[PDB]
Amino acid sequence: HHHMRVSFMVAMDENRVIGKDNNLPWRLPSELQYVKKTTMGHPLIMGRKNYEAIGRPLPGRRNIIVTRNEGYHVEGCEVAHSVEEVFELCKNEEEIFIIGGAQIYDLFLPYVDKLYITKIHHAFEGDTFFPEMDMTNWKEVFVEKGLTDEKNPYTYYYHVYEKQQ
């Protein structure tokens, strides 16, 4: 029904870990820069827990926080309380990025068209995971080696998938 492209933006390890104790288990500033470059201009949709672990809105974008809390407000961020209310807020957007966490990924899982998954070649201790997906009708269209250096001490790859339907 909706008219915007729904895209997932995720970074996960070898066992699909995405978080430990409300934190990225890894420090990869270059990966975060890729996320900034890829999502520039477009709304960011994130769960309340994902937002609070991030701490502040991030400029040049509509930041949309998903919560059941009817009285939740954050300076310079928009609040939505359901998938449909996000779809409302984003009705004239060309593309929106679902940036986590796990519960918010589950929430939009039936709607995802495009998949930006950074795969990190390491097995981290973690408590939150990227959900399993039926990859039937999905095609990998892009893969590139991420920057490994002193500041970014792991091997990782940018993968993109498009749903064929």
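Note that residue numbering begins at 1 and tracks the sequence as displayed.
Relative to one another, 20-28 and 152-160 have unequal mean CA B-factors, and 20-28 is the one with the higher figure. Checked against the record, the higher mean CA B factor of 55-63 and 42-50 lies with 55-63.
Per the PDB record, residue ranking by Cα B-factor puts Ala102 in the lowest third of the chain.
The deposited CA B-factor of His121 belongs to the lowest third of values across its chain.
In this PDB entry, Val86 carries a Cα temperature factor that places it within the lowest third of its chain's modelled residues.
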